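Undergrad: This structure is in structure tokens; I'll ask about it shortly.
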Amino acid sequence: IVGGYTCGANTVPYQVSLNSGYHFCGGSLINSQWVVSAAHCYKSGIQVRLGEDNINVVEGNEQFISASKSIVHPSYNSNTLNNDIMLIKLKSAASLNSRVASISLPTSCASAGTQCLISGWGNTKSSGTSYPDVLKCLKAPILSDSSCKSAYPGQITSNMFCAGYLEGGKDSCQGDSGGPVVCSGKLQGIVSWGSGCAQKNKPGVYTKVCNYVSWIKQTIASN
Ligand SMILES: [Ca+2]
């Protein structure tokens, strides 16, 4: 997260870190046994870390649970990042408490101009490189589809939306991939892609979760 703020320990209780010997992507806990992330975050050998603030210090509220199965969306296209969404099933259920909690799926899609909360342990510089140890947060608005399409002509599908600031300075970044965009208490986006981070006229591009709720519910009901 570039241009954000320190969240506060366990104030984003649905945020997970995906770990394959190191933190590599975020995700969101949607019930006691399932996490949503980005398909471009796929790797073998995932451990899900819940209740994290400082990813480099064991502080006492963490739960570390290995993935039993990963399921990348059937229509994921790694070239275009269309359908950039994956489910991860935990080997055992998480214990839900004030520090570890699930986020609701949307029933309706979110509106342009809504201010959303984006969070992660990704790079904090626009260029140059500096990764935080504690969770960072950013408030950012949903942009109109026409502004999104103007910023990335020929690249935006109906399964993407843009959020952030056309002047630059505030954005998600590498390492935040797979993490949540929460608007009005619902998971509306997944950190997916962008040209750089926090560059002028190059806002963040997010997977549109509300187009996937049927697939998520059917997959969880069968696995
Ligand atoms: Ca920790």
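Ligands are numbered from 1 in the order shown, residues from 1 within each chain, and chains are lettered A, B, ... in the order they appear in the structure tokens.
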What's the 10 Å shell around segment 73-87 of chain A, counting only C-alpha atoms, without same-chain residues fewer than 4 positions away, as number ranges by chain?
TA: A: 27-28, 30, 34-42, 69, 155-160, 178, 189-193, 205-209, 211-212, 215-216, 219-220
Undergrad: Kindly save the residues from that selection, with C-alpha atoms included, as a PDB file, in the first residue's frame.
TA:
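Result file follows (part-v2.pdb):
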```
ATOM      1  CA  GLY A  27      -6.511 -12.888   0.957  1.00  0.00           C
ATOM      2  CA  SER A  28      -9.885 -12.591   2.727  1.00  0.00           C
ATOM      3  CA  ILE A  30     -15.139 -15.620   3.989  1.00  0.00           C
ATOM      4  CA  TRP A  34     -12.416 -20.707   3.072  1.00  0.00           C
ATOM      5  CA  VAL A  35     -10.293 -17.820   1.829  1.00  0.00           C
ATOM      6  CA  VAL A  36     -10.690 -15.763  -1.346  1.00  0.00           C
ATOM      7  CA  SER A  37      -7.590 -14.455  -3.150  1.00  0.00           C
ATOM      8  CA  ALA A  38      -6.363 -13.715  -6.691  1.00  0.00           C
ATOM      9  CA  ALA A  39      -5.698 -16.496  -9.166  1.00  0.00           C
ATOM     10  CA  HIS A  40      -2.393 -14.823 -10.093  1.00  0.00           C
ATOM     11  CA  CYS A  41      -1.371 -15.568  -6.454  1.00  0.00           C
ATOM     12  CA  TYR A  42      -1.523 -19.320  -7.109  1.00  0.00           C
ATOM     13  CA  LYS A  69      -6.922 -27.356  -1.835  1.00  0.00           C
ATOM     14  CA  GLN A 155      -7.761  -3.808 -21.168  1.00  0.00           C
ATOM     15  CA  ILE A 156     -10.776  -3.579 -18.812  1.00  0.00           C
ATOM     16  CA  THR A 157     -13.455  -6.296 -18.797  1.00  0.00           C
ATOM     17  CA  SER A 158     -16.851  -6.336 -17.070  1.00  0.00           C
ATOM     18  CA  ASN A 159     -15.179  -8.397 -14.309  1.00  0.00           C
ATOM     19  CA  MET A 160     -12.873  -5.522 -13.302  1.00  0.00           C
ATOM     20  CA  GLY A 178      -5.138 -11.078  -3.562  1.00  0.00           C
ATOM     21  CA  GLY A 189     -12.902  -6.384  -4.813  1.00  0.00           C
ATOM     22  CA  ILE A 190      -9.649  -8.347  -4.904  1.00  0.00           C
ATOM     23  CA  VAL A 191      -6.346  -6.555  -5.447  1.00  0.00           C
ATOM     24  CA  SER A 192      -5.453  -7.620  -9.044  1.00  0.00           C
ATOM     25  CA  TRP A 193      -3.237  -5.328 -11.172  1.00  0.00           C
ATOM     26  CA  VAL A 205      -7.630  -2.533 -11.067  1.00  0.00           C
ATOM     27  CA  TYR A 206      -9.617  -4.947  -8.939  1.00  0.00           C
ATOM     28  CA  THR A 207     -11.508  -8.195  -9.529  1.00  0.00           C
ATOM     29  CA  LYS A 208     -15.279  -7.506  -9.342  1.00  0.00           C
ATOM     30  CA  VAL A 209     -16.342 -10.032  -6.628  1.00  0.00           C
ATOM     31  CA  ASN A 211     -19.872 -11.294 -10.499  1.00  0.00           C
ATOM     32  CA  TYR A 212     -18.515 -14.450  -8.761  1.00  0.00           C
ATOM     33  CA  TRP A 215     -19.475 -19.675  -8.377  1.00  0.00           C
ATOM     34  CA  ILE A 216     -18.171 -19.155  -4.828  1.00  0.00           C
ATOM     35  CA  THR A 219     -17.853 -24.363  -5.044  1.00  0.00           C
ATOM     36  CA  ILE A 220     -18.004 -24.151  -1.252  1.00  0.00           C
TER      37      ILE A 220
END
```
Undergrad: Give the residues close to ligand 1, within 7 Å, counting only C-alpha atoms and all ligand atoms; write them as a VMD selection string.
TA: chain A and resid 52 to 59 62
Undergrad: How far is it from atom CA of residue 10 of chain A to atom CA of residue 99 of chain A, in Å with one decimal?
TA: 5.2 Å
Undergrad: May I have the residues within 12 Å of residue 115 of chain A as a list in words, using only C-alpha atoms and disregarding those fewer than 3 positions away in the same chain?
TA: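 Answer for this query is residues 110, 111, 112, 118, 138, 139, 140, 141, 142, 143, 163, 164, 165, 181, 182, 183, 184, 185 and 188 of chain A.
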Undergrad: What is the atom CA of residue 172 of chain A to atom CA of residue 132 of chain A distance in Å?
TA: 12.9 Å
Undergrad: DSSP says helix (DSSP H, G or I) for which residues of segment 130-175 of chain A? Put them as an MDAnalysis selection string?
TA: chainID A and resid 145:151
Undergrad: Could you name the residues that touch residue 33 of chain A at 8 Å or less, counting only C-alpha atoms, but leaving out those on the same chain fewer than 2 positions away, as a ChimeraX atom specification?
TA: /A:30-31,35,89-94
Undergrad: Tell me, in Å to one decimal, how far atom CA of residue 203 of chain A is from atom CA of residue 7 of chain A.
TA: 21.5 Å
Undergrad: Name the residues of segment 60-190 of chain A that come out as strand (DSSP E or B) in a backbone DSSP run; write them as a PyMOL selection string.
TA: chain A and resi 63-72+77+82+86-90+104+115-120+136-142+160-163+171+180-183+186-190
Undergrad: Write the residues of the preceding selection, restricted to C-alpha atoms, as a PDB file, in the first residue's frame.
TA:
```
ATOM      1  CA  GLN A  63      -3.560 -18.989  13.529  1.00  0.00           C
ATOM      2  CA  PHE A  64      -1.380 -20.772  10.924  1.00  0.00           C
ATOM      3  CA  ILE A  65      -3.317 -23.313   8.869  1.00  0.00           C
ATOM      4  CA  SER A  66      -2.112 -25.161   5.753  1.00  0.00           C
ATOM      5  CA  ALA A  67      -4.240 -25.081   2.582  1.00  0.00           C
ATOM      6  CA  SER A  68      -5.762 -28.407   1.657  1.00  0.00           C
ATOM      7  CA  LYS A  69      -6.922 -27.356  -1.835  1.00  0.00           C
ATOM      8  CA  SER A  70      -6.621 -24.375  -4.170  1.00  0.00           C
ATOM      9  CA  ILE A  71      -9.216 -23.714  -6.893  1.00  0.00           C
ATOM     10  CA  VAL A  72      -8.451 -21.127  -9.559  1.00  0.00           C
ATOM     11  CA  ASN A  77      -6.789 -15.902 -18.158  1.00  0.00           C
ATOM     12  CA  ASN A  82      -9.778 -11.629 -16.561  1.00  0.00           C
ATOM     13  CA  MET A  86      -9.147 -18.216  -6.497  1.00  0.00           C
ATOM     14  CA  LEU A  87     -10.561 -20.051  -3.499  1.00  0.00           C
ATOM     15  CA  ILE A  88      -8.386 -21.681  -0.898  1.00  0.00           C
ATOM     16  CA  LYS A  89      -9.774 -24.321   1.485  1.00  0.00           C
ATOM     17  CA  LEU A  90      -8.170 -24.655   4.895  1.00  0.00           C
ATOM     18  CA  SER A 104     -19.606 -10.927   4.012  1.00  0.00           C
ATOM     19  CA  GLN A 115     -15.125   4.836  -0.375  1.00  0.00           C
ATOM     20  CA  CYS A 116     -13.657   1.380   0.290  1.00  0.00           C
ATOM     21  CA  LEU A 117     -10.964  -0.010   2.572  1.00  0.00           C
ATOM     22  CA  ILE A 118      -7.979  -1.753   0.919  1.00  0.00           C
ATOM     23  CA  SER A 119      -5.343  -3.440   3.085  1.00  0.00           C
ATOM     24  CA  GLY A 120      -2.105  -5.387   2.822  1.00  0.00           C
ATOM     25  CA  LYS A 136      -1.316  -1.076   6.070  1.00  0.00           C
ATOM     26  CA  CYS A 137      -4.672   0.386   5.111  1.00  0.00           C
ATOM     27  CA  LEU A 138      -5.927   2.752   2.426  1.00  0.00           C
ATOM     28  CA  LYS A 139      -9.248   4.471   1.809  1.00  0.00           C
ATOM     29  CA  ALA A 140     -10.011   4.746  -1.859  1.00  0.00           C
ATOM     30  CA  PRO A 141     -13.079   5.402  -4.002  1.00  0.00           C
ATOM     31  CA  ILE A 142     -14.554   3.315  -6.780  1.00  0.00           C
ATOM     32  CA  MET A 160     -12.873  -5.522 -13.302  1.00  0.00           C
ATOM     33  CA  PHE A 161     -13.237  -2.111 -11.708  1.00  0.00           C
ATOM     34  CA  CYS A 162     -10.831   0.673 -10.894  1.00  0.00           C
ATOM     35  CA  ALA A 163     -10.427   2.362  -7.494  1.00  0.00           C
ATOM     36  CA  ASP A 171      -2.688   2.922  -4.347  1.00  0.00           C
ATOM     37  CA  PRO A 180      -9.560  -7.249   0.109  1.00  0.00           C
ATOM     38  CA  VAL A 181     -11.391  -4.222  -1.088  1.00  0.00           C
ATOM     39  CA  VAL A 182     -14.298  -3.816   1.370  1.00  0.00           C
ATOM     40  CA  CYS A 183     -17.116  -1.356   0.644  1.00  0.00           C
ATOM     41  CA  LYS A 186     -18.975  -6.348   1.949  1.00  0.00           C
ATOM     42  CA  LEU A 187     -16.071  -7.857  -0.001  1.00  0.00           C
ATOM     43  CA  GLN A 188     -16.417  -6.082  -3.348  1.00  0.00           C
ATOM     44  CA  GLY A 189     -12.902  -6.384  -4.813  1.00  0.00           C
ATOM     45  CA  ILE A 190      -9.649  -8.347  -4.904  1.00  0.00           C
TER      46      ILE A 190
END
```
Undergrad: My list of candidates is A:166, A:50, A:221, A:12. Which is closest to residue 204 of chain A when distances are computed with only C-alpha atoms?
TA: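 When distances to residue 204 of chain A are compared using only C-alpha atoms, the smallest one comes from A:166.
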Undergrad: Which is closest to residue 25 of chain A among A:217, A:46, A:128, A:95, if we use only C-alpha atoms?
TA: A:46
Undergrad: Smallest atom-to-atom distance to residue 17 of chain A: which of A:214, A:222, A:177, A:124, using only C-alpha atoms?
TA: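 Distance minimum relative to residue 17 of chain A lands on A:177.
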